[PDB]
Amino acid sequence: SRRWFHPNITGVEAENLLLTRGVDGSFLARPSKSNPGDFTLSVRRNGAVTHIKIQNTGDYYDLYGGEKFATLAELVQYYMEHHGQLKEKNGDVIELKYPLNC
């Protein structure tokens, strides 16, 4: 199924879509314009949207740091199930609560 992965969407369309179709805690994954091959998590927090870059080497998936995963689903479900491990410099956690779908 992998319904949270939107294959044909820009970051600004995703950013708008989360503020219409989702709630705080909603999120999705997209293919990333800035670096083809990579992916990007787009999450909603406190009425606004944050974007997180995901490195795909070919060998593994990661967030330019942290735990490394064999597949993208393993990475997304990991950070869903371990909420505190996704933190920003500020100190705030970024929570992947509710997947948004096609």
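Whichever C-alpha set is largest while still superposing within 1.5 Å between the two forms counts as the rigid core. Numbers for residues come from their place in the sequence shown, where the first is 1.
message: Out of 18 to 26 and 84 to 92, which one drifts farther from the shown form in 6 other deposited structures of this protein in terms of CA positions, with the fit done on the rigid core?
response: It is 84 to 92 whose C-alphas lie farther from the shown form in 6 other deposited structures of this protein.
- prompt: Which of these two stretches, 30 to 38 or 47 to 55, has the larger RMS Cα offset in 6 other deposited structures of this protein when the rigid core is kept aligned?
  reply: It is 30 to 38 whose C-alphas lie farther from the shown form in 6 other deposited structures of this protein.
query: Between 77 to 85 and 7 to 15, which has the higher average C-alpha B-factor in the PDB entry?
result: Going by the record's values, the stretch with the higher mean is 7 to 15.
- prompt: Per the entry, which of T50, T40, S26, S34 tops the list for Cα B factor?
  reply: Going by the entry's C-alpha B-factors, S34 comes out highest.
query: Split the chain's modelled residues into thirds by Cα B-factor; is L63 in the lowest, middle or highest one?
result: Lowest third.
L72, C-alpha B-factor rank within chain (lowest, middle or highest third): Middle third of the chain for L72's C-alpha B-factor.
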